[PDB]
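Each remark here refers to the structure printed beneath this line.
Proteins come first, then strands; the chains are lettered A, B, ... in the order of their sequence lines, and each starts at number 1. Just so you know, ligand 1 is whichever comes first in the structure, and atom 1 is the first atom listed for that ligand. Atom set for the values below is all heavy atoms of this structure, side chains included, hydrogens, waters and symmetry mates excluded.
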There are 2 protein chains.
Amino acid sequence: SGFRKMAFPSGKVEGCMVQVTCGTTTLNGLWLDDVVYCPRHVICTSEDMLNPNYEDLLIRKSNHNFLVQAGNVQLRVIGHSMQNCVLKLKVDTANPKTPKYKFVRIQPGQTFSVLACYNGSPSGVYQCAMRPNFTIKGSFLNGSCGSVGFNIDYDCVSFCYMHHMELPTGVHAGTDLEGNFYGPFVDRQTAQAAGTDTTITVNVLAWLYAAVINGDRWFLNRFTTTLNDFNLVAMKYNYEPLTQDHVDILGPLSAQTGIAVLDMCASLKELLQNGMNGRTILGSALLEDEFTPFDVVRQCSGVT
Amino acid sequence: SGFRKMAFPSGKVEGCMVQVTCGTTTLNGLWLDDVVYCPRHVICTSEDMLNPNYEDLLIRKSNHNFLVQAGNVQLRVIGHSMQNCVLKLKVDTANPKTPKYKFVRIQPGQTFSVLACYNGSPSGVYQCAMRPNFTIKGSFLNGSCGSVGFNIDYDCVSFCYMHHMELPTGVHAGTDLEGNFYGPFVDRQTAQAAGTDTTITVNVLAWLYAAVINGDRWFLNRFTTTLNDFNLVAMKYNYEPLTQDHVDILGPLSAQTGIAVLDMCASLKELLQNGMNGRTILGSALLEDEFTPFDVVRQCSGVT
Ligand SMILES: *CCC(=O)N(c1ccc(C(C)(C)C)cc1)[C@@H](C(=O)NC)c1cccnc1
Ligand SMILES: *CCC(=O)N(c1ccc(C(C)(C)C)cc1)[C@@H](C(=O)NC)c1cccnc1
């Protein structure tokens, strides 16, 4: 019993973190096999940030200009290339701690763990969700760039995020491991505003199922609804529309609790309309949306 | 910017988790040097749980009755002893991944990370606090016993908790690494009720400082208070009394934000009396108490 915002064990990713320095800029890199991946903005100086031409800035850089340190030992850079917004630094040594891995590009609403690092050293691990506006609400200070987001399936780490920047509103933007930003963001010091941060409806429902499994049942109402009626209310409350695909993925939680997905939607609809009335669900006074249906099943079943 | 419930990187602890089986009971063990630490209730059978006499149950156990598996390889048990509620199984092999470590007994209000494990394999990591009633609100399923709680200071892991059981209310109880339970709990299947789960006042204040540092300032009021006036309100709201020791440890946060500790107490007093009015602080609709002043400083400074 008990339901926590849980991150994946970070050991496999800790074994991949390195420090990357170019000139006077130092950030984090991800060392997998003989390649170190890092944000291309490591090549930017004190003011280049405003309107950088990365191809031009990169012409002035050679392999020896990128300093890669793994632990307290230096790695030899034998090649470098830019792929979208990431630099790939080929080193002469394969990372001996390289886990089985994949690079995946996640969809909004999908959750992942972040290993926040500074100077190639891990400071903490926390669980995030890719927001519907393609930002993440992380905890990142100066020097955290290059910290990565990931999911683990037994022994295979799927890297889905690399931290690049903080928007003027304090929310975060980054890329997949192929260097493509999530959302419309660009790696330059220009004012970039985020769109509406809507609530991930399918994740709230999954978390309401988690609450029922854990004994928190006060919110269960005597009503049902339809997807169309529910979505009219969801739109009004800035919740993402629920599709039949979302209903399908909530099926195992519906089966475990015996609560039809549309009945849980009606309970959620009443929570939106009536508020919590000072009550809490799983120790929260607001509806949590950073647990996917997969996360609820995983945590409630003890997948290792 | 951004403030997250962050756990310590778990790699150093993942390297210590093993599976311990005695008869038909399997739980987790912590392998440090040539000793495997695990809850003594691993020796209890299907019904022994009701009124176990551990000394008597242990007489029927020999070294070969404890099966310790690290990864997919078996460790040889060459000694066993009971220290309070933990068993210490001496093995013939020192754990090659033993980090620098300490065993500490924490006070209520102190936070720590938990690496939840099943069958000696890590499933997730989350941040907890030792509640003022000496329970923890964890996320633990059957087989999670032996999972540990810890803090890290650079390279030294201080182990502070080992999971033993779930109370009938779904809250958790365990011991320090010397086998002494936190609180009055006993390792037996008897109804044991927890005391009042009061709010850790010093931690709420630390988190209100974290919110100011991160731009969440709406709650800052035009008032101040005294420790005695604040505590009259704190007692009324089931908040722990604030001492001058708590004021002293909040000093660095008071200095960074320029907000006197007693002024933050007055803002907290108004939040208690007026409620949040549907507003949020650091994405929460309730006052968070599982961040210590040390955690706020660490996260806001990027300690690795
Ligand atoms: C890792 C660098 C860093 O801390 N940045 C940062 C600075 C500059 C840039 C470019 C404009 C792309 C050259 C990118 C990232 C911080 C930032 O975004 N400042 C505007 C940063 C601070 C806090 C959290 N993440 C990043
Ligand atoms: C790790 C065992 C387990 O899952 N228990 C458990 C069972 C029995 C006992 C004794 C009574 C001391 C012999 C202790 C622990 C669960 C439990 O506490 N059941 C009552 C358990 C379930 C969920 C979370 N933690 C533990």
Tell me, please, whether A:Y126 has B:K5 positioned over its six-membered ring: NZ or CZ under 6.0 Å from the ring centre and within 45 degrees of its axis? no
Where A:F112 and A:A129 come nearest, the two heavy atoms and their spacing: CE2-C, 4.2 Å
Relative to each other, are the rings of B:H80 and B:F66 parallel, tilted or perpendicular (30° and 60° limits)? tilted
List, ordered by chain and residue number, the protein residues whose closest non-hydrogen atom lies under 4.0 Å from any atom of ligand 1. A:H41, A:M49, A:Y54, A:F140, A:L141, A:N142, A:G143, A:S144, A:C145, A:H163, A:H164, A:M165, A:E166, A:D187, A:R188, A:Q189
Taking the side chain as C-beta and beyond, is there a heavy-atom pair between A:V86 and A:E178 under 4.5 Å? no
Between B:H172 and B:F140, what is the ring plane arrangement, given parallel below 30°, perpendicular above 60°, and tilted in between? perpendicular
Is it the case that the ring center of B:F159 lies less than 6.0 angstrom away from the ring center of B:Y37? no
